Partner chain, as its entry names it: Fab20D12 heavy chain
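Next up: just one chain, as structure tokens, the form deposited without the partner chain.
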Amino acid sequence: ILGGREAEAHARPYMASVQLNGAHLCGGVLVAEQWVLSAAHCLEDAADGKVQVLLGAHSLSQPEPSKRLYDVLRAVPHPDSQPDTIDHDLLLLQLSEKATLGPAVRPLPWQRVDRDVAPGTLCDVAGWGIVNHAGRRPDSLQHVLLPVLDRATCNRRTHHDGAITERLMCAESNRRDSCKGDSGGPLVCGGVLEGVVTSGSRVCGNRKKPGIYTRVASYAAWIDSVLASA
């Protein structure tokens, strides 16, 4: 997260760190006791390593009593998650066991009604992604409040010409933005999961290149279809 602030410890208990052999790869969001929603492109770096999900974390490295590591039993990328195509970048991860919920580990309800979030709505994006353009990694969870941008402006020639479909949403990226290591994390509007971070053009903090987020409401039937196969 660029231009954000350290989150209050365990105030975003739905946050998941998606890890490969214990290294933070992407964010994730707990959506059920045994399911984590993230971004399909995250498993490009995976190949043949233990994909795990860290729950109850504020810090990635500091010993916290609420920290729990789960193995992934199943990785369900969206069928059309063709690499480098910004569309359909959703991934469902089934945990090895049902997570015990508490003040530091709690799922986030997601929007099911297929309705666009009103532009200008303030939404919270959180992650352990880089905090500057050089690639400095924070140890503690960071967050930022970003207003939602209307789809047309985000689609626009200056922004991302022709590529922003009905299944995507955008948020302002002027100085404050999601960045490398934040994909798969949540865009939360009024406590409701509305989007999942994606990398888009991969430029961070540029006003002309808005942050792109997979519109979770567009995938309601797909999410429901996977969450029943458990």
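Positions refer to the first chain, counted from 1.
Keep in mind that the form solved in complex with the partner chain is not shown, yet the notes after this line are about it.
Using a 4.5 angstroms limit between non-hydrogen atoms, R157 touches the partner chain in the deposited bound form.
In the deposited bound form, the partner chain sits within 4.5 Å of a heavy atom belonging to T153. When the partner chain is considered in the deposited bound form, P65 lies well away from it, no heavy atom lying within 4.5 Å. The closest heavy atom approach of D48 to the partner chain in the deposited bound form falls outside 4.5 Å. The stretch from 195-203, 66-74, 49-57, 157-165 that comes within 4.5 Å of the partner chain in the deposited bound form, counting heavy atoms only, is 157-165.
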